[PDB]
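Everything below belongs to protein-v7.cif, which stores mmCIF, C-alpha atoms and all ligand atoms.
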```
data_data
#
loop_
_atom_site.group_PDB
_atom_site.id
_atom_site.type_symbol
_atom_site.label_atom_id
_atom_site.label_comp_id
_atom_site.auth_asym_id
_atom_site.auth_seq_id
_atom_site.Cartn_x
_atom_site.Cartn_y
_atom_site.Cartn_z
ATOM 1 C CA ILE A 1 11.588 -6.478 23.414
ATOM 2 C CA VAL A 2 10.496 -4.286 26.349
ATOM 3 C CA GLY A 3 6.761 -3.771 26.932
ATOM 4 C CA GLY A 4 5.742 -6.261 24.259
ATOM 5 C CA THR A 5 3.751 -9.481 24.178
ATOM 6 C CA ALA A 6 4.290 -13.041 22.975
ATOM 7 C CA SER A 7 3.854 -13.495 19.243
ATOM 8 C CA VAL A 8 1.849 -16.281 17.647
ATOM 9 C CA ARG A 9 3.204 -18.860 15.187
ATOM 10 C CA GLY A 10 3.266 -17.580 11.620
ATOM 11 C CA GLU A 11 2.736 -13.882 12.345
ATOM 12 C CA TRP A 12 6.367 -12.799 11.623
ATOM 13 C CA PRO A 13 7.520 -15.408 9.071
ATOM 14 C CA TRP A 14 10.463 -13.310 7.813
ATOM 15 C CA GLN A 15 11.979 -13.227 11.313
ATOM 16 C CA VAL A 16 14.935 -15.554 11.863
ATOM 17 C CA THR A 17 17.194 -16.275 14.805
ATOM 18 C CA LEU A 18 20.913 -16.277 13.990
ATOM 19 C CA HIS A 19 23.024 -18.534 16.235
ATOM 20 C CA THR A 20 26.783 -18.709 16.708
ATOM 21 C CA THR A 21 28.453 -22.000 17.698
ATOM 22 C CA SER A 22 31.626 -20.444 19.174
ATOM 23 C CA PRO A 23 32.523 -20.875 21.962
ATOM 24 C CA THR A 24 29.115 -22.577 22.408
ATOM 25 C CA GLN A 25 25.776 -22.435 20.577
ATOM 26 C CA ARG A 26 23.533 -19.499 21.427
ATOM 27 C CA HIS A 27 21.249 -16.891 19.889
ATOM 28 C CA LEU A 28 23.352 -13.999 18.578
ATOM 29 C CA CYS A 29 21.021 -11.699 16.634
ATOM 30 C CA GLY A 30 17.759 -11.406 14.760
ATOM 31 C CA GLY A 31 17.518 -11.234 10.986
ATOM 32 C CA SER A 32 14.984 -10.976 8.156
ATOM 33 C CA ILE A 33 14.452 -13.212 5.143
ATOM 34 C CA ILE A 34 14.520 -10.995 2.035
ATOM 35 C CA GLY A 35 15.318 -13.609 -0.665
ATOM 36 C CA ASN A 36 15.536 -17.395 -1.028
ATOM 37 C CA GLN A 37 19.237 -17.351 -0.103
ATOM 38 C CA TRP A 38 19.435 -13.976 1.686
ATOM 39 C CA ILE A 39 19.117 -12.746 5.271
ATOM 40 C CA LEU A 40 19.339 -9.013 6.066
ATOM 41 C CA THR A 41 20.721 -8.203 9.519
ATOM 42 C CA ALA A 42 22.980 -5.756 11.436
ATOM 43 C CA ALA A 43 26.725 -5.452 10.701
ATOM 44 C CA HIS A 44 27.527 -5.161 14.416
ATOM 45 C CA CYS A 45 26.409 -8.743 15.024
ATOM 46 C CA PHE A 46 29.620 -10.047 13.531
ATOM 47 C CA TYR A 47 32.141 -8.680 16.000
ATOM 48 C CA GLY A 48 34.873 -11.312 16.379
ATOM 49 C CA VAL A 49 33.286 -13.632 13.788
ATOM 50 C CA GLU A 50 36.212 -14.699 11.574
ATOM 51 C CA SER A 51 34.381 -17.344 9.524
ATOM 52 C CA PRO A 52 30.786 -17.946 8.391
ATOM 53 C CA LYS A 53 31.211 -21.642 9.325
ATOM 54 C CA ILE A 54 30.283 -20.927 12.981
ATOM 55 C CA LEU A 55 26.876 -19.430 12.049
ATOM 56 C CA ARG A 56 23.470 -21.111 11.931
ATOM 57 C CA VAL A 57 20.243 -19.504 10.739
ATOM 58 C CA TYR A 58 16.964 -20.904 12.024
ATOM 59 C CA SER A 59 13.700 -20.014 10.315
ATOM 60 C CA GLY A 60 10.096 -20.867 11.173
ATOM 61 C CA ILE A 61 10.833 -20.570 14.912
ATOM 62 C CA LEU A 62 8.535 -19.189 17.603
ATOM 63 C CA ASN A 63 10.255 -20.658 20.664
ATOM 64 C CA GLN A 64 13.998 -21.013 21.134
ATOM 65 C CA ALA A 65 13.120 -24.332 22.859
ATOM 66 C CA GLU A 66 12.364 -25.696 19.363
ATOM 67 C CA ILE A 67 16.088 -25.571 18.586
ATOM 68 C CA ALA A 68 17.864 -28.743 19.620
ATOM 69 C CA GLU A 69 20.726 -30.762 18.150
ATOM 70 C CA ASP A 70 18.281 -32.470 15.765
ATOM 71 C CA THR A 71 16.681 -29.219 14.514
ATOM 72 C CA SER A 72 17.194 -28.212 10.866
ATOM 73 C CA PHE A 73 19.115 -24.999 10.149
ATOM 74 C CA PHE A 74 20.641 -23.071 7.239
ATOM 75 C CA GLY A 75 24.394 -22.675 6.990
ATOM 76 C CA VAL A 76 26.001 -19.398 5.966
ATOM 77 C CA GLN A 77 28.185 -19.252 2.844
ATOM 78 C CA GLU A 78 29.166 -15.580 3.104
ATOM 79 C CA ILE A 79 28.889 -12.547 5.390
ATOM 80 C CA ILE A 80 28.684 -9.223 3.534
ATOM 81 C CA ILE A 81 29.192 -6.158 5.718
ATOM 82 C CA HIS A 82 28.777 -2.597 4.411
ATOM 83 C CA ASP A 83 32.297 -1.287 3.670
ATOM 84 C CA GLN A 84 31.663 2.071 5.408
ATOM 85 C CA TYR A 85 30.536 0.328 8.623
ATOM 86 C CA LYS A 86 32.675 0.868 11.725
ATOM 87 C CA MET A 87 30.251 0.646 14.651
ATOM 88 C CA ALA A 88 26.503 0.572 15.178
ATOM 89 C CA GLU A 89 26.178 4.068 16.685
ATOM 90 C CA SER A 90 27.776 5.744 13.637
ATOM 91 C CA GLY A 91 25.569 3.916 11.102
ATOM 92 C CA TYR A 92 25.967 1.820 7.962
ATOM 93 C CA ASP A 93 24.824 -0.906 10.352
ATOM 94 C CA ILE A 94 23.720 -3.412 7.741
ATOM 95 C CA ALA A 95 24.861 -6.826 6.564
ATOM 96 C CA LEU A 96 23.754 -9.684 4.319
ATOM 97 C CA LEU A 97 24.071 -13.403 4.928
ATOM 98 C CA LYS A 98 24.205 -15.604 1.871
ATOM 99 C CA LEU A 99 22.835 -18.990 2.867
ATOM 100 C CA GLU A 100 24.415 -22.329 1.843
ATOM 101 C CA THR A 101 21.019 -23.708 0.823
ATOM 102 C CA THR A 102 17.776 -22.083 -0.272
ATOM 103 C CA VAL A 103 14.741 -21.387 1.888
ATOM 104 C CA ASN A 104 11.634 -23.103 0.580
ATOM 105 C CA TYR A 105 8.945 -20.538 1.251
ATOM 106 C CA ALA A 106 5.945 -21.406 3.426
ATOM 107 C CA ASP A 107 3.508 -19.734 5.842
ATOM 108 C CA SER A 108 6.263 -20.319 8.441
ATOM 109 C CA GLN A 109 9.109 -18.754 6.417
ATOM 110 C CA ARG A 110 8.755 -16.178 3.668
ATOM 111 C CA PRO A 111 10.480 -12.967 2.556
ATOM 112 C CA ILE A 112 9.535 -9.455 3.635
ATOM 113 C CA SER A 113 9.335 -6.803 0.931
ATOM 114 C CA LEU A 114 11.889 -4.008 0.880
ATOM 115 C CA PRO A 115 10.601 -0.418 1.032
ATOM 116 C CA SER A 116 10.399 1.618 -2.157
ATOM 117 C CA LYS A 117 12.315 4.871 -2.716
ATOM 118 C CA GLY A 118 8.964 6.358 -3.762
ATOM 119 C CA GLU A 119 7.706 5.751 -0.206
ATOM 120 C CA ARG A 120 10.100 8.210 1.498
ATOM 121 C CA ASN A 121 7.126 10.513 2.243
ATOM 122 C CA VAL A 122 4.864 7.732 3.536
ATOM 123 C CA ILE A 123 3.911 8.208 7.176
ATOM 124 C CA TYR A 124 4.165 4.663 8.523
ATOM 125 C CA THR A 125 1.605 4.328 11.332
ATOM 126 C CA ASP A 126 1.616 0.544 11.931
ATOM 127 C CA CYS A 127 5.188 -0.455 12.815
ATOM 128 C CA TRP A 128 6.251 -3.418 14.943
ATOM 129 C CA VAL A 129 9.578 -4.486 16.437
ATOM 130 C CA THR A 130 10.129 -8.187 17.115
ATOM 131 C CA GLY A 131 12.688 -10.491 18.671
ATOM 132 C CA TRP A 132 13.923 -12.769 21.443
ATOM 133 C CA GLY A 133 15.759 -9.983 23.293
ATOM 134 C CA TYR A 134 15.627 -8.937 26.919
ATOM 135 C CA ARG A 135 12.340 -7.559 28.300
ATOM 136 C CA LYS A 136 14.281 -5.171 30.601
ATOM 137 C CA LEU A 137 17.882 -3.804 30.436
ATOM 138 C CA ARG A 138 18.791 -6.560 32.894
ATOM 139 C CA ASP A 139 16.949 -9.703 31.864
ATOM 140 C CA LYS A 140 17.673 -12.651 29.589
ATOM 141 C CA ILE A 141 17.057 -14.023 26.125
ATOM 142 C CA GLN A 142 13.388 -14.963 25.735
ATOM 143 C CA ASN A 143 12.062 -18.357 24.746
ATOM 144 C CA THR A 144 9.054 -16.988 22.843
ATOM 145 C CA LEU A 145 9.376 -14.377 20.085
ATOM 146 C CA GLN A 146 8.082 -11.016 21.353
ATOM 147 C CA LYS A 147 6.382 -8.139 19.543
ATOM 148 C CA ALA A 148 5.693 -4.466 20.281
ATOM 149 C CA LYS A 149 3.947 -1.754 18.268
ATOM 150 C CA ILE A 150 6.152 1.342 18.428
ATOM 151 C CA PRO A 151 5.622 4.773 16.865
ATOM 152 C CA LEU A 152 8.236 6.272 14.581
ATOM 153 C CA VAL A 153 9.710 9.606 15.670
ATOM 154 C CA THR A 154 11.196 12.204 13.342
ATOM 155 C CA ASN A 155 14.956 12.337 12.932
ATOM 156 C CA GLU A 156 14.789 15.926 14.227
ATOM 157 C CA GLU A 157 13.157 14.643 17.439
ATOM 158 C CA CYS A 158 15.577 11.734 17.716
ATOM 159 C CA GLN A 159 18.619 14.017 17.347
ATOM 160 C CA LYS A 160 17.424 16.112 20.307
ATOM 161 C CA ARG A 161 17.409 12.908 22.398
ATOM 162 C CA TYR A 162 20.950 11.900 21.362
ATOM 163 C CA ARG A 163 22.934 15.155 21.334
ATOM 164 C CA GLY A 164 26.201 13.249 21.885
ATOM 165 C CA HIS A 165 25.607 11.420 18.578
ATOM 166 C CA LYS A 166 24.819 12.219 14.972
ATOM 167 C CA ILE A 167 21.437 10.810 14.002
ATOM 168 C CA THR A 168 21.790 10.562 10.230
ATOM 169 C CA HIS A 169 19.294 10.365 7.360
ATOM 170 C CA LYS A 170 20.203 6.662 6.999
ATOM 171 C CA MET A 171 18.863 6.055 10.536
ATOM 172 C CA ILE A 172 15.272 5.933 11.718
ATOM 173 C CA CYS A 173 14.074 6.141 15.333
ATOM 174 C CA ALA A 174 11.062 4.690 17.147
ATOM 175 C CA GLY A 175 9.751 5.007 20.695
ATOM 176 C CA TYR A 176 7.466 6.791 23.131
ATOM 177 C CA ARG A 177 8.485 10.047 24.833
ATOM 178 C CA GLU A 178 7.754 8.441 28.207
ATOM 179 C CA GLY A 179 9.490 5.193 27.178
ATOM 180 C CA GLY A 180 8.188 1.733 28.017
ATOM 181 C CA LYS A 181 8.362 -0.048 24.654
ATOM 182 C CA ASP A 182 11.636 -0.665 22.812
ATOM 183 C CA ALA A 183 13.999 -3.248 21.441
ATOM 184 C CA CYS A 184 16.663 -4.470 23.874
ATOM 185 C CA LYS A 185 19.659 -6.787 24.128
ATOM 186 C CA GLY A 186 19.322 -9.717 21.731
ATOM 187 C CA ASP A 187 16.855 -7.970 19.387
ATOM 188 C CA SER A 188 19.472 -6.355 17.164
ATOM 189 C CA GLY A 189 19.609 -7.364 13.499
ATOM 190 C CA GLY A 190 15.884 -8.099 13.528
ATOM 191 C CA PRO A 191 13.168 -6.211 11.692
ATOM 192 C CA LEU A 192 11.201 -3.055 12.260
ATOM 193 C CA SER A 193 8.230 -4.089 10.104
ATOM 194 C CA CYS A 194 5.563 -1.614 8.994
ATOM 195 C CA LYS A 195 2.254 -2.566 7.392
ATOM 196 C CA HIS A 196 1.221 -0.164 4.635
ATOM 197 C CA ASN A 197 -1.473 -0.741 2.000
ATOM 198 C CA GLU A 198 -1.926 -4.310 3.302
ATOM 199 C CA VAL A 199 1.727 -5.274 2.730
ATOM 200 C CA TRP A 200 4.520 -5.630 5.297
ATOM 201 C CA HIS A 201 7.647 -3.617 4.539
ATOM 202 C CA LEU A 202 11.084 -3.910 6.109
ATOM 203 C CA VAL A 203 11.505 -0.285 7.191
ATOM 204 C CA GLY A 204 14.279 -0.734 9.762
ATOM 205 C CA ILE A 205 16.921 -3.006 11.236
ATOM 206 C CA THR A 206 17.201 -2.947 15.046
ATOM 207 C CA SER A 207 20.567 -1.307 15.736
ATOM 208 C CA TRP A 208 21.168 0.602 19.017
ATOM 209 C CA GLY A 209 19.971 2.850 21.834
ATOM 210 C CA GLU A 210 20.966 4.187 25.252
ATOM 211 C CA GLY A 211 19.514 1.607 27.616
ATOM 212 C CA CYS A 212 16.173 -0.022 26.828
ATOM 213 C CA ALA A 213 12.782 1.714 26.772
ATOM 214 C CA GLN A 214 14.052 4.729 28.747
ATOM 215 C CA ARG A 215 12.256 8.051 28.836
ATOM 216 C CA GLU A 216 13.456 10.295 25.996
ATOM 217 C CA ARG A 217 15.746 7.624 24.490
ATOM 218 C CA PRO A 218 14.142 6.223 21.324
ATOM 219 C CA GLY A 219 15.482 3.074 19.694
ATOM 220 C CA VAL A 220 17.677 3.632 16.630
ATOM 221 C CA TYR A 221 17.318 1.535 13.489
ATOM 222 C CA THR A 222 19.088 1.268 10.154
ATOM 223 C CA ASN A 223 16.881 3.027 7.596
ATOM 224 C CA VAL A 224 16.515 0.209 5.068
ATOM 225 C CA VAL A 225 15.248 2.274 2.090
ATOM 226 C CA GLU A 226 18.569 4.148 2.162
ATOM 227 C CA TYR A 227 20.360 0.847 1.333
ATOM 228 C CA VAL A 228 18.216 -0.768 -1.390
ATOM 229 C CA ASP A 229 20.838 0.061 -4.044
ATOM 230 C CA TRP A 230 23.535 -1.508 -1.864
ATOM 231 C CA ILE A 231 21.404 -4.600 -1.246
ATOM 232 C CA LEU A 232 20.823 -4.984 -4.998
ATOM 233 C CA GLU A 233 24.503 -4.555 -5.879
ATOM 234 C CA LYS A 234 25.689 -7.096 -3.295
ATOM 235 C CA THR A 235 23.013 -9.738 -3.958
ATOM 236 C CA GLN A 236 23.709 -9.509 -7.720
ATOM 237 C CA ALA A 237 27.339 -10.383 -6.873
HETATM 238 O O1 LIG B 1 20.530 -6.533 20.612
HETATM 239 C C1 LIG B 1 20.990 -5.421 20.817
HETATM 240 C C2 LIG B 1 20.050 -4.267 20.926
HETATM 241 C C3 LIG B 1 20.445 -3.031 21.269
HETATM 242 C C4 LIG B 1 19.417 -1.970 21.345
HETATM 243 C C5 LIG B 1 18.669 -1.637 20.227
HETATM 244 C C6 LIG B 1 17.698 -0.647 20.264
HETATM 245 CL CL1 LIG B 1 16.777 -0.249 18.839
HETATM 246 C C7 LIG B 1 17.459 0.036 21.442
HETATM 247 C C8 LIG B 1 18.194 -0.273 22.565
HETATM 248 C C9 LIG B 1 19.157 -1.265 22.509
HETATM 249 N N1 LIG B 1 19.873 -1.535 23.685
HETATM 250 C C10 LIG B 1 20.646 -0.678 24.406
HETATM 251 N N2 LIG B 1 21.174 -1.337 25.414
HETATM 252 N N3 LIG B 1 20.718 -2.623 25.307
HETATM 253 N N4 LIG B 1 19.924 -2.747 24.251
HETATM 254 N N5 LIG B 1 22.340 -5.199 20.920
HETATM 255 C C11 LIG B 1 23.236 -6.339 20.724
HETATM 256 C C12 LIG B 1 24.629 -5.851 20.360
HETATM 257 C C13 LIG B 1 25.572 -6.946 19.960
HETATM 258 C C14 LIG B 1 25.177 -8.018 19.183
HETATM 259 C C15 LIG B 1 26.074 -9.004 18.823
HETATM 260 C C16 LIG B 1 27.388 -8.924 19.241
HETATM 261 C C17 LIG B 1 27.792 -7.861 20.022
HETATM 262 C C18 LIG B 1 26.886 -6.877 20.375
HETATM 263 C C19 LIG B 1 23.332 -7.111 22.025
HETATM 264 O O2 LIG B 1 23.627 -6.600 23.100
HETATM 265 N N6 LIG B 1 23.076 -8.456 21.823
HETATM 266 C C20 LIG B 1 23.024 -9.476 22.803
HETATM 267 C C21 LIG B 1 22.794 -10.764 22.378
HETATM 268 C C22 LIG B 1 22.725 -11.811 23.274
HETATM 269 C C23 LIG B 1 22.887 -11.569 24.625
HETATM 270 C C24 LIG B 1 22.768 -12.634 25.590
HETATM 271 N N7 LIG B 1 22.441 -12.532 26.862
HETATM 272 N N8 LIG B 1 22.435 -13.802 27.362
HETATM 273 N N9 LIG B 1 22.752 -14.681 26.420
HETATM 274 N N10 LIG B 1 22.952 -13.955 25.312
HETATM 275 C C25 LIG B 1 23.123 -10.280 25.051
HETATM 276 C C26 LIG B 1 23.201 -9.236 24.153
#
```
Taking this structure as input, can you express it in the form of structure tokens?
Amino acid sequence: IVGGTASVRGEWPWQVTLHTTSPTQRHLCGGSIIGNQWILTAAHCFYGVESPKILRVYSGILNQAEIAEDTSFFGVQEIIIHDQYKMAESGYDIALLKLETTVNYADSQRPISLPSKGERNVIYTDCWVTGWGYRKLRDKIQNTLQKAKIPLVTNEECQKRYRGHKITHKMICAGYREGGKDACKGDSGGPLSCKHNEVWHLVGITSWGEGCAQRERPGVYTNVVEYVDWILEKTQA
């Protein structure tokens, strides 16, 4: 997260850190708890991942330093990637992880609500991006979970900033014209969370951008409301 600040324990309890163990254990991507056995994340996180056995999901984490060999984690039973997905920049950048065991909800770990199709006209004014990603294009994975409040921009605006791409209706963009606050490397798969009528909604999944926090280059996110039917179908199995 560029231009953000350290979060406090318990303020983003749907946020998880997904680790891979191959070739060695490290943070791979963010994710969001959406059900007792279900993490929603980005499809692009699973490049080269041939088995769910190498994945570990850690919940209730503020600092990566909390994760040692003796720290509890959730195993992954199955990775479900959208069948139209090919790469992040062309969309369908969404995936589900079915956990091996169930998350017992607490103030440290609880699900975020999905957006409603009836809310497509809602102007979300209180949106936050979170994660352990770089704080500059060249930086490193953060110990402490970061947060930044970032304004949504219209898809029409976003398209003008990425004329070499197609910004689709299943994408949503966020950023300042002058830059300075954005997701960055290591934040992908995590949530863009918007508070509306005193409830947090999972509006976006951190997906891609050209550089981090650059002038006239908003961050691009998977537009979650455009996938609620897909999420339902896949979780009903
Ligand atoms: O995490 C991201 C974020 C990309 C991104 C998203 C938005 Cl909304 C706006 C700008 C973005 N960036 C553009 N250039 N950098 N960020 N991307 C992942 C892509 C990816 C994930 C998994 C597998 C392959 C590729 C990444 O680089 N992740 C990442 C994770 C860890 C490290 C890392 N560094 N040191 N140790 N681990 C570096 C990069």
| task | Output the residue selection produced by the PyMOL selection byres (((chain A and resi 203-208) around 8) and not hetatm) on the file above, formatted as number ranges by chain. | result | A: 41-42, 88-89, 93-94, 114-115, 129, 172, 183, 187-194, 201-202, 209-210, 219-225
| request: Pick out the residues sitting within 7 Å of stretch 157-170 of chain A, and hand them over as a VMD selection string; count all atoms listed in the file, and ignore anything fewer than 2 positions along from it in its own chain. | output: chain A and resid 153 to 155 172 to 173 216 to 218 222 to 223 226
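Here atom CA of residue A:55 and atom CA of residue A:19 stand 5.8 Å from one another.
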| field | Point (2.0, 2.3, 12.0) neighbourhood (8 Å, only C-alpha atoms) written as an MDAnalysis selection string | value | chainID A and resid 123:128 149:152 194:196
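In this model, the gap between atom CA of residue A:130 and atom CA of residue A:13 comes to 11.1 Å.
Going from atom CA of residue A:73 to atom CA of residue A:2 covers 27.7 Å.
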| query | Between A:46, A:74, A:92, A:14, which is the closest to ligand LIG 1 (chain B) once you count only C-alpha atoms and all ligand atoms? | reply | A:46
| said: Set the distance at 9 Å and use all atoms listed in the file: which residues neighbour residue A:136 once local chain neighbours fewer than 5 positions away are removed? I'd like the list as a PyMOL selection string. | reply: chain A and resi 1-3+184-185+212-213
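Comparing the minimum interatomic distances between ligand LIG 1 (chain B) and each of A:7, A:214, A:144, A:36, counting all atoms listed in the file, we find that A:214 sits nearest.
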Could you write out as lines of an AutoDock Vina configuration file the box around ligand LIG 1 (chain B) (axis-aligned, all atoms listed in the file, 3 Å on each side), with centre and edge lengths in Å to one decimal?
```
center_x = 22.3
center_y = -7.3
center_z = 23.1
size_x = 17.0
size_y = 20.7
size_z = 14.5
```
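Using all atoms listed in the file, the nearest neighbour of ligand LIG 1 (chain B) within the list A:146, A:25, A:121, A:63 is A:25.
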Would you mind completing stretch 148-168 of chain A to N, CA and C atoms and writing the output as a tab-separated table (two decimals), keeping the file's coordinate frame?
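As written to disk, out.tsv reads:
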```
chain	number	residue	atom	x	y	z
A	148	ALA	N	6.19	-5.73	19.74
A	148	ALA	CA	5.69	-4.47	20.28
A	148	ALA	C	5.42	-3.50	19.14
A	149	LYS	N	4.28	-2.81	19.22
A	149	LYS	CA	3.95	-1.75	18.27
A	149	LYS	C	4.56	-0.46	18.78
A	150	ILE	N	5.42	0.16	17.98
A	150	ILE	CA	6.15	1.34	18.43
A	150	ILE	C	6.03	2.44	17.38
A	151	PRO	N	5.76	3.68	17.82
A	151	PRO	CA	5.62	4.77	16.86
A	151	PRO	C	6.96	5.30	16.40
A	152	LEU	N	7.05	5.61	15.11
A	152	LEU	CA	8.24	6.27	14.58
A	152	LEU	C	8.29	7.71	15.11
A	153	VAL	N	9.50	8.20	15.32
A	153	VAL	CA	9.71	9.61	15.67
A	153	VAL	C	10.58	10.22	14.58
A	154	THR	N	10.44	11.52	14.38
A	154	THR	CA	11.20	12.20	13.34
A	154	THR	C	12.67	12.17	13.69
A	155	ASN	N	13.52	12.25	12.68
A	155	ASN	CA	14.96	12.34	12.93
A	155	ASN	C	15.33	13.60	13.70
A	156	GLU	N	14.57	14.68	13.50
A	156	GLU	CA	14.79	15.93	14.23
A	156	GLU	C	14.55	15.69	15.72
A	157	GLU	N	13.47	14.99	16.05
A	157	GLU	CA	13.16	14.64	17.44
A	157	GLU	C	14.25	13.74	18.01
A	158	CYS	N	14.57	12.69	17.28
A	158	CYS	CA	15.58	11.73	17.72
A	158	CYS	C	16.93	12.39	18.01
A	159	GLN	N	17.35	13.31	17.15
A	159	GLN	CA	18.62	14.02	17.35
A	159	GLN	C	18.64	14.78	18.67
A	160	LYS	N	17.52	15.38	19.04
A	160	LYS	CA	17.42	16.11	20.31
A	160	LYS	C	17.59	15.18	21.51
A	161	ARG	N	17.27	13.90	21.33
A	161	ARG	CA	17.41	12.91	22.40
A	161	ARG	C	18.80	12.30	22.48
A	162	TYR	N	19.59	12.43	21.42
A	162	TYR	CA	20.95	11.90	21.36
A	162	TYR	C	21.94	12.97	20.92
A	163	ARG	N	22.10	14.02	21.73
A	163	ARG	CA	22.93	15.16	21.33
A	163	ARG	C	24.43	14.85	21.34
A	164	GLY	N	24.83	13.74	21.96
A	164	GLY	CA	26.20	13.25	21.88
A	164	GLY	C	26.50	12.42	20.65
A	165	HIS	N	25.47	12.16	19.83
A	165	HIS	CA	25.61	11.42	18.58
A	165	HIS	C	25.17	12.25	17.38
A	166	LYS	N	25.39	11.69	16.20
A	166	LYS	CA	24.82	12.22	14.97
A	166	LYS	C	23.77	11.23	14.48
A	167	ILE	N	22.51	11.63	14.55
A	167	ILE	CA	21.44	10.81	14.00
A	167	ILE	C	21.33	11.21	12.55
A	168	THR	N	21.64	10.28	11.66
A	168	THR	CA	21.79	10.56	10.23
A	168	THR	C	20.52	10.23	9.47
```
